[PDB]
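Two forms, one protein chain; C-alpha cells for each follow separately as structure 1 and structure 2.
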Structure 1
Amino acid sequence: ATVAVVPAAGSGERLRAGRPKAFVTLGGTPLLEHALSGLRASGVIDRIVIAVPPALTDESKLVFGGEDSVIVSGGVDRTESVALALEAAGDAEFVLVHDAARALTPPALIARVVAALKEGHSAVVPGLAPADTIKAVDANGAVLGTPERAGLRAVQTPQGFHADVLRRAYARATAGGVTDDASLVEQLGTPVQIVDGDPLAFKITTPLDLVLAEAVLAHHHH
C-alpha cells in the first residue's frame, strides 16, 4: 500500500497566527482540498493521513475526511505533525509526504514519484533545475561560490520513501525547523533519486504565489 502524509497542522510564521498555509482559499476552496484532489486523481495513493491543528480536528474530519482520508491532531512543529501522521499510517510499503501548499501539483507528478519507488529507489523527490542561478553565501551575505546550475535541483513534493527508511529517520532528532523530508533520510547517506517535477507544483505562500495560482485556475477552469 502507498500512504500519503499531509502535514497541515500549523505555522512557524507568527503573521499566520497558527493557521496553516494549507487552509488559505484558492478559487473559494482551501489549498488542502486542491492538494487532496491531486493525490486522489493520481490513482496511485491508497490512503491519505492529514495532520491538522488540534482545535480543527472535528471540522477537518467533516470537510476533508473520506474512505481514503484519515484526520489526526498535529504537533507543535512540522516534524511532530509528520511523526503523528506516521502513527496512523499503518503498514504501508511506501509513504509520500506532501506539502498541501503545493495545491496545483499535477496528478502525473505524484504517480511519477510512486513509479520510481516501485523501480526500487528507497527515496524519491521531484525536482527541476532552478530558474535562477543559485549561489552559496556566507553569514555576511558575501558569495562563497556558485555551483553548476545544471547540477542543482529545486525540489518539490510529494517526497516518496520506503516506510521503514522514513520512520527510522523520524525516530531520531526533533529539530522542528525541517521542511525537507529527504534531508532527514540523507543524514545517513541513504541514496535519494530525483524525478521530473513540474512548474505547477510550486508552493503557494506569498501574495505573488496566490496571484499565479488564481491565474492558473482561470486558464484551467474558465
Structure 2
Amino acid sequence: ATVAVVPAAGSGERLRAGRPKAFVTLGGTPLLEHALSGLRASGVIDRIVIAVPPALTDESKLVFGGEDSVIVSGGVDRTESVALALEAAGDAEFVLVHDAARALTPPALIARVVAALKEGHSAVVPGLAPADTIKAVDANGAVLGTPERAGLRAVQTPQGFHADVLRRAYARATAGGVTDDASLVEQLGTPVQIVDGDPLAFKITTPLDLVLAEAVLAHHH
C-alpha cells in the first residue's frame, strides 16, 4: 500500500494572491484539490495525509477531510510539515511526498513512481533534463563551472520511498531549509533512483506559473 503526504501548509508569498497557495484556484478549483485529484486518479494511492496552515486545520478537516484523507496542522517550514504529516502516515509500505503546488502532475507520473518502488527501489524521484544550461557560481555570481548536462536532472514530486527509509531520514532532519526529501534520504546512504518526470509536474510558484497552468488546463479542456 502507498500513502501520499501532501505538504500544503505554505503561505504562498511568491504567488501574491493574499492567501495560502494551496487555496488559490486553477480553472476555478483550488490547487490542493487538483493535486488530490491527480493522486486519486492514479489509482495507486491508498491514503492521503495533507498538511495545511495551522489556522486552517479545523475548516480543512470539514472541506477536504475524510476516512482515507487526513488533515494535519503543518509546520513552520516544509520539512516540519512533512514530519508532522508522517505521524499520520500509518502502516503503508511506501510513502510518496507530493507538493500541492505541482497541481497538474499527471496521474501517470504518480503511477510510475509507485511502480519503481514496488520493483524494489527504496527511493524514487522523477527528473528531467534541465531545460536551461546549469552553471555553478560563487557568492558574487562568477561562474565556477558548467557541469555535464547529460548527468544532471531537475527533479520533481511525488518523491517516493520505502516508508522505513523516509522515517529514518526525517528522524535525522535538522533546522530545515531543505525542501527536497531525497536529500534527507541521501544522507543515510540509501540509493536514490531517478525516473522520467513530466513537464506538467512543474511547481506553481509565481503569478506567471499560474498563467501557465491556466493555459495548460484550457488547452487540455
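One-based numbering along structure 1's sequence throughout. For clarity, a rigid core is taken as the largest C-alpha set superposing within 1.5 Å between two forms.
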| property | result |
| --- | --- |
| Core-aligned C-alpha movement of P199 between structure 1 and structure 2, 2 Å or more | no |
| Rigid core superposed, the C-alpha shift at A154 between structure 1 and structure 2 in Å | 0.5 |
| Once the two forms are fitted on their core, CA shift of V178 between structure 1 and structure 2 in Å | 1.1 |
| Rigid-core-superposed Cα shift at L62 between structure 1 and structure 2, Å | 2.0 |
